[PDB]
Amino acid sequence: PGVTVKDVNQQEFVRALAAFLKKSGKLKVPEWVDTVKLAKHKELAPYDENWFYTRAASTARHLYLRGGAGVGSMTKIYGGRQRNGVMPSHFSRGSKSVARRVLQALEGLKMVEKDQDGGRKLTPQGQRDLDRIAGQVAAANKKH
Amino acid sequence: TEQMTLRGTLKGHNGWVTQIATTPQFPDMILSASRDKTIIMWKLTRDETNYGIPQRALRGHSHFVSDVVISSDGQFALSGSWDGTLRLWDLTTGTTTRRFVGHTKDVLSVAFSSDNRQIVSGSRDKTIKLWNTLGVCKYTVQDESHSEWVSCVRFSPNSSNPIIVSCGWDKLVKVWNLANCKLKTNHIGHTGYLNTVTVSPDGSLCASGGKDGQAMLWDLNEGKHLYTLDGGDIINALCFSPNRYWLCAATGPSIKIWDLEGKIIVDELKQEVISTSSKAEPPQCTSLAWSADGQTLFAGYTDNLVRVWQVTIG
Amino acid sequence: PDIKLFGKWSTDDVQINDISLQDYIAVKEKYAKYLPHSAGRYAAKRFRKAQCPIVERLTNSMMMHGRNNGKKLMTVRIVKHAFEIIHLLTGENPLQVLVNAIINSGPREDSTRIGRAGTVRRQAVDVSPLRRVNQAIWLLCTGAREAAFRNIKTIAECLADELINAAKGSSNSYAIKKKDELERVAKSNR
Amino acid sequence: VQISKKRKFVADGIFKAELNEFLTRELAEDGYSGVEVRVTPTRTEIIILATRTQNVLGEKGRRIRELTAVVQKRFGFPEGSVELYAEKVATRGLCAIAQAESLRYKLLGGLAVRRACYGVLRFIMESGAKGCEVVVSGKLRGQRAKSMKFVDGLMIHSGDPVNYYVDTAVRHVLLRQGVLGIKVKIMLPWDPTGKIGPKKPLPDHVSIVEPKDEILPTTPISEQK
Amino acid sequence: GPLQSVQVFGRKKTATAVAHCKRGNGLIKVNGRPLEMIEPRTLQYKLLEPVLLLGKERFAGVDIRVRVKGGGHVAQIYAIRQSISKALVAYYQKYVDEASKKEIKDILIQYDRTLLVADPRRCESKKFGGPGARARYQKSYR
Amino acid sequence: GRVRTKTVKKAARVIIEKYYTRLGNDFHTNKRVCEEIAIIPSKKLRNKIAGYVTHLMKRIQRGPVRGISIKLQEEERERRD
Amino acid sequence: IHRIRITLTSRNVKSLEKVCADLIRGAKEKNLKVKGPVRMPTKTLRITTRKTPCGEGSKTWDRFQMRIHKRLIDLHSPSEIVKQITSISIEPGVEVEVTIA
RNA sequence: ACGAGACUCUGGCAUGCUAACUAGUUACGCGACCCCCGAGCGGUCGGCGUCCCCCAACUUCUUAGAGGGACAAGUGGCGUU
RNA sequence: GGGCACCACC
Ligand SMILES: [Mg+2]
Ligand SMILES: [Mg+2]
Ligand SMILES: [Mg+2]
Ligand SMILES: [Mg+2]
Ligand SMILES: [Mg+2]
Ligand SMILES: [Mg+2]
Ligand SMILES: [Mg+2]
Ligand SMILES: [Mg+2]
Ligand SMILES: [Mg+2]
């Protein structure tokens, strides 16, 4: 009876993992987090000031599900639609300097490591942490 | 003085029932081939609601299934189809154990030997092929077997020299000698194409029929024409009673029983009550088989049904 | 087992009081489904849409205008919320409310036009039951749509109010007014 | 390096098209019919189909020895990989290109349009074709242009069988007062072999065989042999 | 304990879902995730319909794992339903009697025929002169 | 519409005239005989011809047809008349 | 003994399949081990153009299409036998490439 | 007789055939993680072997060849039947 | 006076 990541709801898992990363306090946060927007198709900066932890949690979860993703892959993952005035909308990618710093910060926690083929993947410690978080989420969901 | 009464009906098919096979080893099971590309194994309950229910469906044929025959021990089954291939199935698991390839047209008839070591098959390719169990065509016959399609091929279950009898759409009944595979006898008496040929359990008499509607009885060991019995429109199936010395012919709307000693009709089997449906043609009787017990006839019809007739003695 | 719409609204207690419309409203046992979403081919043949469940017909007719074409998940959610609101407001089965609203909203006598492009003259005719159901659904959806526009009020609340008023027979609803005016003009064109 | 398969096939097609155009312009006078390129890793062979090979060969083979030179100069592949051959067409009456050239040169010599067109039509029909059509368009008589049409036999227009049952040729001839246009269509006969016609029949032609004589049976006879 | 299993597929416009059904205890998963975690959850009942119609008793002896690919979200859900139903029917046909298969097939077909028979509809090609297959560009006079 | 062009009707009538003995009321046996005797370069055309042959055979069994006449039918009508 | 791959590229399928069958039969007559022929996905080149040489009339378009078919055959054998069987294989319209991996 | 139809390409069906490390599935080994209250013939894995000395089978899913399949054929009405 | 067509209407 062991809970894995795929068993629980993904949004609640992301919330719980972001809370765990914030409470840990060992994550490295850039200085410009409060003055930048996450992509060129965004109009405003993110509403949540603790958005870096949420993005790090999402990146860790994605590396859990599909390993070997680089900066370009993460940039494509978080890209979205761009509306440009009186012209038709088009797909647009995210900011590379945010994805790169999220990956570097996760590597600083010994949760993400360089992949032999290329890109980054999860360490056994990161997988253990994610499975523990999934178990906590499942227990909280069942108890209430 | 026996009356044949309809006992029940088996409904599992979606197409014309084409052949019915029985076996002495297992009286409680029947095997029926049909035009829905499926061979149904029927388990007989003899209950109130249903005389029998389907047990397993053998489905590996892409086209219609024409003929089906069980082995001596009732453990394997053989089948020919319109896709040009023969299939050998294990009845225990219902899985195809062997496939016979080599015919370029529809395989109309297939027959097992008396020892289950030789297999014969006639095709619309005007070709008769002889195979072994492993699936290798040991001998094909292009020696002027027939100028037209080969309808039925059967073995002779007699202690004497093994014989294979075939009927053609060229109005001919040919008799070939086994283990040498040479033409031994020709029979030219019919006016029209032939459908079925059968052999008596003694191995002495054979019956042939077709569109002309006359069942002609020939002598196998001597090689002469013996008798001719008039019947209905088209003779689809001919069978011999294993223990009663009878000849049962399957005509379109009805089934006729002849006593070979008296040449007198014993019974005619047909039923339809609805007056509105009289305009439409009654379903034809395609296939015919005797249970080894000798008391039940199984008749397969165009109506996608299998009807059982029970003998009542008086 | 028992099949309840959205898992909580049963169909056994619902009954249709109009003999004419019994054959064209599909709410009963063999038409009981869990969701108003089946991806069926009901437009392939004539009269086949009488076999489509009436909740799914409302859902199909709620995907207007062109800015809402094809968005059927949002429409299913809207119908679900509207049924919840109807149950809270009235206290009865929202399927019965929908059936009553459709029965009351369908015009019974119409007027057919013979018009030279400017001037038009008309003659009173009867309406088949299928057209009654179609026009009732169209009127209800149009009323809810016009109520929700440029107003701080959810589309589900407006749909619930329209359905409740139509089932009650009140003239506060768009469909009742439209039916009354159509029947008045038909009466005057006899 | 190497190029992709798409580019390779398009390049082969373009080379064949340019070779055909050059050979047409060079050998129109000799009844040039077609060109067939067979590519072998040893040498690339080119077969020239024309009505008469004597003019293509020239005296002592000079002219053909010239052509295989310029081709090598044009497309640039190395010497010794080029070899041209001349083969006469099996039946010249069933080729629309050769008939169009023949009509063009008859008109160029000053013959009457009607006489030459009827002669070409008669030759095509005598060769064994199902049918033929010849259209000549231009300033045949006067300042106003018109079109003359000569048809004979059968002819199909629509469908897929037009692709392999009809042979078409369009040509231009420059006369003193301007250009005339020539169109020739020939409908090939059905041939079980692929020599002078399509192998497959027309889709809607059904040939029902005559049944053979059968002896009426009278008495059951058993024959043993 | 013989190794008895069946793999059956189901299709929607471009979506294909293949279900592997073997002897087991009652596990049913899609891409490794439970049935209740598949999105969108608006159409969750469409995914639970075969289980609700047949009950957990008939699924209590098999493990089913589905792999989905292609199409959109709704098409993938409708493919998963059909794959589950057809896989259960094919398993009952081979490793149980024909009567149970007949009962299950009748129950499934009465509720919805698309649980066992695929929908042939596919997108129609665009023709030049208009935005799509049927629509044409706006014509003008004078 | 499902009207048959004169090609199918002519081919079916000629087949019934020449091979009345070999035909019957079964579409599949008829379509197997047609490819045996006739040369149809299309599968759809052969199916159409066989499907009209079956309809014509049923009509003949019901009674005389305005068009083709079978030698056996003529000889039988001689005995009838 | 080499692992040798034969790649066949053609524009029509009848000639390509005839050549593939000839190669398979020839190789198997020498009691050799053959894998394939494995058929790659067909390639479809498309060119859509306007019919009119000018810009007048209804806007009508021609859709020209070219299809390329590709086959693979694997053989465990020495070079000499492969060339023996390949020499016959020369066919008009089929490009045959022999490589040693 | 031409045109229309027929014809060619295309989209739907095949657990039947042919055969694939430039497509996969399943199974079996190795490994990572979770549950020591059920630790297991347990769950997740787009993590690594299984063709190339020897270390698995098979085409359901993917590709593309050969064939099948539908004809207003079956039933009931309406039609000059 | 009839027949047809969402480049006609309903
Ligand atoms: Mg995105
Ligand atoms: Mg904008
Ligand atoms: Mg509002
Ligand atoms: Mg034509
Ligand atoms: Mg046409
Ligand atoms: Mg589209
Ligand atoms: Mg569109
Ligand atoms: Mg396959
Ligand atoms: Mg309008």
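Protein chains get the first letters and strands the later ones, always in sequence-line order, with residue 1 at the start of each.
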> Between E:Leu3 (CG) and H:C28 (P), how many Å, whole number?
Replying inline: 7 Å
>> Once you apply a heavy-atom cut-off of 4.0 Å, does A:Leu122 come out as touching a base, just sugar-phosphate, or nothing?
In response: nothing
>> Is A:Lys6 close enough to H:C45 that one of its side-chain N or O atoms is under 4.0 Å from OP1 or OP2 there?
In response: yes
> What is the distance, rounded to the nearest whole Å, between atom CE of D:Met187 and atom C1' of H:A1?
Replying inline: 11 Å
> What is the distance from CD of E:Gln82 to P of H:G12, rounded to the nearest Å?
Replying inline: 14 Å
>> OP1 or OP2 of H:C7 versus the side-chain N and O atoms of F:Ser42: is any pair under 4.0 Å?
In response: yes
> Counting any heavy atom closer than 4.0 Å, what does E:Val8 reach on the DNA or RNA strands: base, sugar-phosphate only, or nothing?
Replying inline: base
> From H:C7, H:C33, H:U62, pick the nucleotide closest to the side chain of E:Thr16?
Replying inline: H:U62
>> Just N and O in the side chain of G:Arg67: are any of them under 4.0 Å from OP1 or OP2 of H:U10?
In response: yes
> Base, sugar-phosphate, or nothing: which does E:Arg11 touch, judged by heavy atoms less than 4.0 Å apart?
Replying inline: sugar-phosphate
>> Does a side-chain N or O of F:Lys31 approach OP1 or OP2 of H:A70 to a distance below 4.0 Å, or not?
In response: yes
>> Taking H:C71 as the reference, what is the distance to H:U26 when you measure between their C1' atoms (whole Å, please)?
In response: 42 Å
> What's the CE-P distance between D:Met155 and H:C2, to the nearest Å?
Replying inline: 11 Å
> If only side-chain N and O atoms of G:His69 are considered, is one of them under 4.0 Å from the OP1 or OP2 phosphate oxygen of H:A64?
Replying inline: no
> Quick one: do H:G47 and H:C48 stack, meaning six-ring centroids under 5.5 Å and planes under 30°?
Replying inline: yes
> Of D:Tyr164 and A:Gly2, whose closest RNA chain H nucleotide lies nearer the 5' terminus?
Replying inline: D:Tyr164
> Over how many whole Å does the gap from E:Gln7 atom CD to H:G24 atom P extend?
Replying inline: 16 Å
> How are the rings of B:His61 and B:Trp89 set relative to one another: parallel (under 30°), tilted (30 to 60°) or perpendicular (over 60°)?
Replying inline: perpendicular
> Do both conditions hold for H:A56 and H:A57, namely six-membered ring centres separated by less than 5.5 Å and ring planes inclined at less than 30°?
Replying inline: yes
> B:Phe100 CZ to H:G16 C1': how many Å, rounded?
Replying inline: 17 Å
>> Under 4.0 Å, counting only non-hydrogen atoms across every strand here, what does A:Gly135 touch: a base, just sugar-phosphate, or nothing?
In response: nothing
>> Just N and O in the side chain of A:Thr4: are any of them under 4.0 Å from OP1 or OP2 of H:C33?
In response: no
Show the distances under 3.5 angstrom between N or O atoms of the protein and N or O atoms of nucleotides 4-6 of chain I.
none

>> Classify F:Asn47 by what it touches in the nucleic acid, base, sugar-phosphate, or nothing, heavy-atom distance under 4.0 Å.
In response: sugar-phosphate
> Within the structure shown, what part of the strands sits under 4.0 Å from B:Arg99 by heavy-atom distance: base, sugar-phosphate, or nothing?
Replying inline: sugar-phosphate
> Any side-chain N or O of E:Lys29 under 4.0 Å from OP1/OP2 of H:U44?
Replying inline: yes
> Is any side-chain N of the basic residue among A:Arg120 and A:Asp115 closer than 4.0 Å to the acidic one's carboxylate O?
Replying inline: no
> If you take the six-membered rings of H:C36 and H:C37, are their centres closer than 5.5 Å and their planes within less than 30° of each other?
Replying inline: no
> In B/S/- notation, 5' to 3', how is nucleotides 72-81 of chain H contacted by protein heavy atoms closer than 4.0 Å?
Replying inline: BSSSSS----
> Any side-chain heavy atom of A:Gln10 within less than 4.5 Å of one from E:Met37?
Replying inline: no
> Which of these nucleotides, H:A27, H:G5, H:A14, is closest to any side-chain atom of E:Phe9?
Replying inline: H:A14
> Any salt bridge between G:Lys14 and G:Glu17, counting N to O under 4.0 Å?
Replying inline: no
> Parallel, tilted or perpendicular for B:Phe64 and B:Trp82, by the 30°/60° rule?
Replying inline: tilted
>> Over all strands shown, is D:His157 touching base, sugar-phosphate only, or nothing at heavy-atom distances under 4.0 angstrom?
In response: sugar-phosphate
>> Please tell me if A:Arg128 has a side-chain N or O lying less than 4.0 Å from either OP1 or OP2 of H:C34.
In response: yes
> Quick one: do B:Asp83 and B:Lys37 make a salt bridge, cutoff under 4.0 Å?
Replying inline: no
> Do H:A6 and H:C7 stack, judged by ring centres under 5.5 Å and ring planes under 30°?
Replying inline: yes
> Do the side-chain N or O atoms of A:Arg66 get closer than 4.0 angstrom to the phosphate oxygens (OP1, OP2) of H:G46?
Replying inline: no
>> Below 30° counts as parallel, above 60° as perpendicular, anything between as tilted: where do the rings of E:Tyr95 and E:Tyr91 land?
In response: tilted
>> From CZ of B:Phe64 over to P of H:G16, roughly how many Å is that when rounded to an integer?
In response: 18 Å
>> What I want to find out is whether G:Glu97 reaches D:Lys5 closely enough, with some N-O distance under 4.0 Å, to be called a salt bridge.
In response: yes
>> Side-chain N or O of E:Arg122 versus OP1/OP2 of H:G12: is the shortest distance under 4.0 Å?
In response: yes
> What does A:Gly67 touch in the nucleic acid at a heavy-atom separation under 4.0 angstrom: a base, only the sugar-phosphate, or nothing?
Replying inline: sugar-phosphate
> Does H:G38 stack on H:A39, meaning their six-ring centres are under 5.5 Å apart and the planes differ by under 30°?
Replying inline: no
>> Between E:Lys12 and E:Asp119, does any NZ, NE, NH1 or NH2 come within less than 4.0 Å of an OD or OE carboxylate oxygen?
In response: yes
>> As a test of the definition: with a 90° window around 0 for syn, would you call H:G49 syn or anti?
In response: syn
> Charged N to carboxylate O below 4.0 Å: is that the case for D:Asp160 and D:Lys200?
Replying inline: no
> At under 4.0 Å, does any side-chain N or O of F:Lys43 touch on OP1 or OP2 of H:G68?
Replying inline: yes
> So, do B:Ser277 and B:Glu272 sit near enough that their side-chain heavy atoms are less than 4.5 Å apart?
Replying inline: yes
> Within 45 degrees of the axis of the six-membered ring of B:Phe100 and under 6.0 Å from its centre: does B:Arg98 put its NZ or CZ there?
Replying inline: no
>> It should be established whether E:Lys22 places a side-chain nitrogen or oxygen under 4.0 Å from OP1 or OP2 of nucleotide H:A27.
In response: yes
> Between B:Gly60 and G:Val13, which is nearer to the 5' end of RNA chain H once each is assigned its nearest nucleotide?
Replying inline: B:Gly60
>> Is G:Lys35 close enough to H:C21 that one of its side-chain N or O atoms is under 4.0 Å from OP1 or OP2 there?
In response: yes
> Taking only N and O in the side chain of D:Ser158, is any of them less than 4.0 Å away from OP1 or OP2 of H:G3?
Replying inline: yes
>> Heavy atoms only, 4.0 Å cut-off, all strands: where does G:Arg46 land among base, sugar-phosphate and nothing?
In response: nothing
> Does atom CZ of G:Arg25 have more than 12 heavy-atom neighbours, drawn from other residues, nucleotides or ligands, at distances under 6.0 Å?
Replying inline: no
>> For a quick check of understanding: with a heavy-atom distance under 4.0 Å over all strands, which category does G:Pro41 fall into, base, sugar-phosphate or nothing?
In response: sugar-phosphate
> Choosing from H:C34, H:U22, H:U25, which nucleotide comes nearest the side chain of G:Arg5?
Replying inline: H:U22
>> Categorize E:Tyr141 for me: base, sugar-phosphate, or nothing, with a 4.0 angstrom heavy-atom threshold over every strand shown.
In response: sugar-phosphate
